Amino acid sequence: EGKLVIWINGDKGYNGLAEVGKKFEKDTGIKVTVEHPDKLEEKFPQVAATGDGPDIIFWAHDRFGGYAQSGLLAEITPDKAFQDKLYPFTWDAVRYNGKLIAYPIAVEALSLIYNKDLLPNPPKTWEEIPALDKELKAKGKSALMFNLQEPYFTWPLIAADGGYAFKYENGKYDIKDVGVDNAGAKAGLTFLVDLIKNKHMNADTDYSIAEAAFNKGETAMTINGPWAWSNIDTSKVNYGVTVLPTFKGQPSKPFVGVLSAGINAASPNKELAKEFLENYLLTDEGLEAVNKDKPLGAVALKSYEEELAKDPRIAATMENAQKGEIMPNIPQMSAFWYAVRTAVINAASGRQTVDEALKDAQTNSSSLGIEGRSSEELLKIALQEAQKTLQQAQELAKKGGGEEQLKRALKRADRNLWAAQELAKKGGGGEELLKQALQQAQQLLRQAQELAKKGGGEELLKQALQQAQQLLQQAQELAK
């Protein structure tokens, strides 16, 4: 009621954003706190659904259509003059059902980052990387390392030869036509899996491992976004940023995200949030402050983009963006991402073959009927009740010794979760991923009950409850 809370991902320039907040605080008297919670994309909708959460949330635009559909975002009202300050295509990215639901900040696209000293001439094709790695392994180095845990990083290769999320036709995205299991997607993922099988990459490589390896000069290349350049400048690596390699003669196609800022519909400070975003952040000085901390990439603000236009790294970011595709913002994007995430991890680990993995990804992300609609809504209600009861258990876990109360709260949450599994069970095929999420959530709740009964793991209890909430929210987004 007199303070602004902002949530932004941990890989962005939250410290630079805090500086913009200090300037706002000096002019208005409103304190601005910037936070970077883990699993932010899932945490926000969970807490905002109950009327809580930050006043402002930052994330690529793909998650915003789902937030808007759930009524978690306030309608933004920038006047014509302000709108003219940003590129029209960035505004298009934050339009849902005909209305603007967030403020665009920057255009992000993955690029190939390489060590100029280990590799003066980067590979123009993915096909030449296996031979390049064998050559570098002789020097105790590797050719390429990038996050294989988030599908965002493998998607450029998957889409290169034909893979796609939702087919765009008639001006809309057909949620029944998913392209994660066509020949193009299979070819791309098989190539990735072959790199692992042939020991050119490790299936367990995640974000931090690849970043540390590249910045320490252990690998010749990595695939990342503009936010990562800052840490590379700090290291002793002479790097270049360029176009991603082609696959079967076609450009890699990264899914392009427009980092955007939305205003929580539950915020009691909507006018102050608008003032902060329009008059403080979306100004040359404001974006400069954030950019200085962690590069934003190409920005939506025309005046500042003109100051970044001479940066070769930004030209590369723009080239890759032009070759990729702007992500859809439809509510089904969460399910798509989770489905593909599961498929890539299973195919990479060997749990499933590429064909099996992508077949399930297609079934899980793709959408008698009435009966399904009724049960779907009831399932969502059961999960919302479970999330609410759970959020209460998290409170009893913060302080106090109400072991009896916490036990009851977890049981109630558990009963509602069990009811959802029952409703999903009868749901039939197509919701296998949803069922596994609910089952995993159940395990965590049982583990939480055990911890509460033993009392020697207060922190582990909170952690188990948060992981449970995260899975329940993902389950909500998987429901169809």
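Note that residue numbering begins at 1 and tracks the sequence as displayed.
- The modelled chain breaks after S367 and resumes at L368, leaving 10 or more residues of the deposited sequence without coordinates.
- For the pair 456 to 464 and 15 to 23, the mean Cα B-factor is higher in 456 to 464.
- Just going by the entry, 142 to 150 versus 195 to 203 on mean CA temperature factor gives the higher value to 195 to 203.
- The maximum CA B-factor among the listed residues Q250, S235, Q322, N329, taken from the PDB record, is found at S235.
- The PDB entry assigns the greatest CA B-factor among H36, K43, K411, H61 to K411.
- Remark: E431 belongs to the highest third of its chain, ranked by C-alpha B-factor as recorded.
- The PDB entry assigns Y164 a C-alpha temperature factor belonging to the middle third of its chain's modelled residues.
- Among all modelled residues in this chain, the alpha-carbon of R313 has a temperature factor (C-alpha) in the lowest third.
- Residue-level temperature factors show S70 in the lowest third of its chain, judged at the C-alpha atom.
- Compared with the other modelled residues of the chain, the Cα B-factor recorded for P123 ranks in the highest third.
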